[PDB]
Amino acid sequence: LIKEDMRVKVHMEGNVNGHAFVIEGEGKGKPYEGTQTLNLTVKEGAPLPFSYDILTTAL
Amino acid sequence: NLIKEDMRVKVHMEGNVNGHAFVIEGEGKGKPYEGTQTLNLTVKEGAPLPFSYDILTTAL
Amino acid sequence: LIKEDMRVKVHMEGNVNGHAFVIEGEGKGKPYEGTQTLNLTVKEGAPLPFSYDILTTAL
Amino acid sequence: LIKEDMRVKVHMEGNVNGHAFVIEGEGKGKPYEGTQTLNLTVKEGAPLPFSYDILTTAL
Amino acid sequence: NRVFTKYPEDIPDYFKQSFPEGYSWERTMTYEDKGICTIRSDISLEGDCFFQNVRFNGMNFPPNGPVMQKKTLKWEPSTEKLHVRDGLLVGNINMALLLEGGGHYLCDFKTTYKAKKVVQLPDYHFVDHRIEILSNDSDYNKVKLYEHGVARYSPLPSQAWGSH
Amino acid sequence: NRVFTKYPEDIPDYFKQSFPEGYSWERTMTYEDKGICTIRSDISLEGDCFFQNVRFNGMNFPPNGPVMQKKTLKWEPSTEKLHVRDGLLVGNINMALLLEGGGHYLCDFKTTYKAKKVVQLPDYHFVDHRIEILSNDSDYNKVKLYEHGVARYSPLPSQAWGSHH
Amino acid sequence: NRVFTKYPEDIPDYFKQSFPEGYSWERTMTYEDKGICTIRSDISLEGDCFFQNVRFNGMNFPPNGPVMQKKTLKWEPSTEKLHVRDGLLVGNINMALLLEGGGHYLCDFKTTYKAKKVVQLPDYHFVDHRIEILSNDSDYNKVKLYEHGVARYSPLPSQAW
Amino acid sequence: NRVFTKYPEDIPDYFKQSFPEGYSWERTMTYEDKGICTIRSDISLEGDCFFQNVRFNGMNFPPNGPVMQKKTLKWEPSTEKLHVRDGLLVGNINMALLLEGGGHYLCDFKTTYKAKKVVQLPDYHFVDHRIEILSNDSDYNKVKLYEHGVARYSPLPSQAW
Ligand SMILES: [Mg+2]
Ligand SMILES: [Mg+2]
Ligand SMILES: [Mg+2]
Ligand SMILES: [Mg+2]
Ligand SMILES: [Mg+2]
Ligand SMILES: [Mg+2]
Ligand SMILES: [Mg+2]
């Protein structure tokens, strides 16, 4: 059912020590090779008062 | 002293416990300086809850 | 059996942070009034190079 | 200084759950070839009433 | 909402001081099978009815455990420890669920309180609490919830006097 | 998305198996300085495009820390340990944020992955990962993200052989 | 040693009841920079005089941390949660050591008291503690130590009906 | 003994570089039912002997647990996280112990290795281990212990630019 390429869309509502935000992502990945890439835009809440690193594993 | 020997309380809760999402709502009264209050709570959604209610009450 | 006035003897062998110490103590109190006093001495490894408070709830 | 064959000896005093024990071992392996072998004797405290695995990355 | 707590004269009241502006707070509940809940709530006043807005997330409860199995009876009463850290007010609690027939499923509560105004700051102090469901269905779609909390110091006077 | 993980025939793949229905996972992230995040995400497949709805709720980070002070660097590569528990797959990791200047900032990561379908279940295994920001704007309103993840057993062969417990 | 705690008549007194056989105990202290301590104690009664016999072990106290740097002024008084777990009385406590120059340094406390005789088990209750250094030479070789205790129920009414 | 850990020439082997003088280390082990172990070890080269010297201390494993009921079979291999701190290689690990039939029982692991001499420090990296009882009497009085350890980097391309 799934192949050498696949598309990615992402919607994250989140919140960190007060600040609410929304992030939307588009990208693709190689499921069978174990990789992917994602362009990430901050809809609501920009600019982030906190390290973006905490987010990345959720995206 | 804006805050009175008797007061009222409104409460909106949204939440989600091991997936199961829910919206809880209540209204009530308290006595600020006596350290007392009593709340009426209704589950507007997700009823009936699959989880011990108890984990919610100190947040409610 | 236990009475208003009772004595206490304390023996603690211990190591903190690899630093050794033996410490002993003699004290008294009132089981029903909930008080107790204790006279404590460092037997070996004095001086302790760490806050004596971490010990005190033990002693 | 360290060579393809070296030798090992190991001494362990222990308390686990009140219960005391001593344990000694002597052994061997290949440091550059990152493998190690060891022979263990429980010199005191035997038989050990708790799993031995929880001692082994220490031994 | 700690606005409802009995607070002695000699103990600043972070919560009733924060008004009319009020405050928010943030809570991690650590239960012993590492099910966690994280909570945040905003408490407002206008007139005579405060308003709590609250979000509640719980995850990693075992399906075969006392929350997922609904075998908790209630909380015990408790005592919270409140201290200022990084200009804020924190509270710490050893929490107990009484388990059906006997036993306890325990929880750490850590709460961080954040007033939207600069209020006078209290010293290390405690809060005796007691929370109780009073009326409920078996399904608890209706519930009636009582808490009583009272603030203090330790009732044990010091014998310390003079030191360096 | 652990769908995007390489999985040899040796090991069942919990994530590509789950689909067509797909899966859900829950993660807690518990930091070296006492911050915390819980996260939930639903992963579905409609067509060729995985949709990932997520709810991130981070909390309790001290205000002068490397997160709130906006001064971390990246994640380190990592290796997840993964066992079955209550018939779910659980993911455990020791994570490390490099800190601007030299030091680290640290994080346990525990995940419960839950497939909306019965699938063939794996034994204990690892995933080795690496997540990286490849580009961004000034305030990271725009970011470009690269993870890589590959599943294995231990490389160190077993030399035990024959025994009774 | 509990036994040095005031019990009210309507709380049973786990510790005292325990004599003449005595009781032992075992506690975990988990600090907030993850320094840690393990401890065990036999508490026996020879006549008027209780003998405490202890072993104490702790670790990972960061050299620059306030334990090794000696920057504690004291423990904060506290309030232990007492419950029965599988026959035993388990106490839990949130301790904080008042820092040098303002601030607090926290520690988690779990204690199990294993009586060695049939006693009458209690229901959930608390003990207000205050422990105090009352005198100490400079290097602390000689230290005098005090502790109060009071058994407790809630002083708050159960509105249960 | 991280000595017996094969280092590829890309990584500095913090371990074999610490000799002749040696290296000591310090670890804590937290089990998921919060039994807890603190341990210390000194590693002295003489001739060709590494005489390991060890103090080990274990705490509040529960009665009906796996440890006290002896239902472990082994540790799973593991992968140690190695990361220079305050000049000190700190290692971190999610260990787990396979049980008779029933799956796993988990444990956290913090180790710091301290050099007796100035050595060259590595960048962040991992040591795959596997540790194993090759043999034992029924009592474990005599136990043959093996270990395999291999330091690596990440097998994966930082495909970044
Ligand atoms: Mg002394
Ligand atoms: Mg101290
Ligand atoms: Mg022993
Ligand atoms: Mg334990
Ligand atoms: Mg030893
Ligand atoms: Mg032990
Ligand atoms: Mg194993």
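Don't worry about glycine lacking a Cβ; one is built from the backbone with ideal geometry, like all the others, and counts go over all protein chains shown. Derivation of every value follows stated rules applied to the coordinates shown; laboratory data play no part.
Tally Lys and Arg at +1 and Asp and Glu at -1 over the other residues with C-beta under 12 Å from the C-beta of E:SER163: what net charge comes out?
The answer is 0.
Of all DSSP beta bridges located in the protein assembly as shown, what percent are antiparallel, nearest 5? Each step should come with its number before you reach the end.
On the way: 347 of 391 bridges.
Percent antiparallel among DSSP bridges in the protein assembly as shown is about 90.
Percent relative contact order of region A:6-47, based on C-alpha pairs within less than 8 angstrom and at least six residues apart?
Computed value for region A:6-47: 38 percent relative contact order.
For region F:34-49 and region E:90-126, what is the centre-to-centre distance using only Cα atoms, to the nearest Å?
30 Å
Find the relative contact order for chain G and round it to a whole percent, using C-alpha pairs within less than 8 Å whose residues are 6+ positions apart.
RCO, chain G: 25 percent.
Based on Cβ point charges of +1 for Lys and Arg and -1 for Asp and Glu, what charge dipole magnitude is obtained for region A:6-47 about its Cα centre, in debye rounded to the nearest 20?
180 debye
Under 15 Å from the 7 Å Cα→Cβ point of A:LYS30, by amide nitrogen: which residues of region F:122-156?
Only F:130, F:146-151 pass the distance filter.
If a/c stays under 1.5 just call it rounded; otherwise compare a/b with b/c (prolate if a/b is bigger, oblate if not). Do that for the protein assembly as shown, with a ≥ b ≥ c from the square roots of the Cα gyration tensor eigenvalues.
oblate
Quick one: grab the alpha carbon gyration tensor of region H:1-150, order the square roots of its eigenvalues as a ≥ b ≥ c, and give me rounded if a/c is under 1.5, else prolate or oblate depending on whether a/b is larger than b/c.
Note, shape of region H:1-150 comes out prolate.
Kindly state, to the nearest 0.05, the FRET efficiency for G:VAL84 paired with H:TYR153, given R0 = 51 Å and r defined as their beta-carbon distance.
0.45
How many partner chain Cβ atoms sit within 10 Å of a residue's Cβ in peptide D:22-30, on average, as a whole number?
Average neighbour count from other chains, rounded to a whole number: 3.
For the pair F:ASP42/F:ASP86, report the inter-label distance in nm, with labels modelled 7 Å from Cα in the Cβ direction.
2.0 nm
Do you know the relative contact order of chain F, to the nearest whole percent, from alpha carbon pairs under 8 angstrom that are 6+ apart?
Relative contact order comes out at 25 percent.
Rounded to the nearest 500, what is the 222 nm mean residue ellipticity of chain F from helices alone, with -39500 (n - 2.57) per DSSP H run of 4+ residues and division by all residues?
-500 deg cm²/dmol
Can you pull the one-decimal nm distance between simple spin-label points at E:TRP161 and E:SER135, each 7 Å off the Cα toward Cβ?
Using points 7 Å along Cα→Cβ, the separation is 5.5 nm.
For chain C, what does the alpha-carbon gyration tensor say about shape, rounded, prolate or oblate, given a ≥ b ≥ c as the root eigenvalues, a/c under 1.5 as rounded, and a/b over b/c as prolate?
Working: a/c = 3.17, a/b = 2.49, b/c = 1.27.
Judged from the Cα gyration tensor, chain C comes out prolate (a/c at least 1.5, a/b above b/c).
Grab the beta carbon distance between H:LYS117 and B:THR42, set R0 = 60 Å, and tell me the FRET efficiency rounded to 0.05. Don't skip to the answer; put the middle values down first.
Working: r = 70 Å, r/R0 = 1.16.
Once rounded, the FRET efficiency stands at 0.30.
How would G:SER41, G:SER158 line up from fewest to most surrounding beta-carbon atoms within 10 angstrom?
By the 10 Å Cβ count, ascending, the order reads G:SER158, G:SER41.
Taking the Cα centre of each part, how many Å lie between region H:101-161 and region B:23-60?
49 Å
Quick one: putting +1 on the C-beta of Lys and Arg, -1 on the C-beta of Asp and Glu, what dipole do you get for the protein assembly as shown around its Cα centre, in Debye to the nearest 20?
Magnitude of the dipole: close to 20 debye.
Could you check the simple spin-label distance between G:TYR124 and F:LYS71, using points 7 Å along Cα→Cβ, in nm with one decimal?
4.5 nm
Taking the Cβ-Cβ separation of B:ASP6 and C:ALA20 as r and a Förster radius of 56 Å, what is the calculated FRET efficiency to the nearest 0.05?
0.35
Within a Cβ distance under 12 Å of G:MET29, other residues only, what is the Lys/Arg minus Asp/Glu net charge?
The answer is -1.
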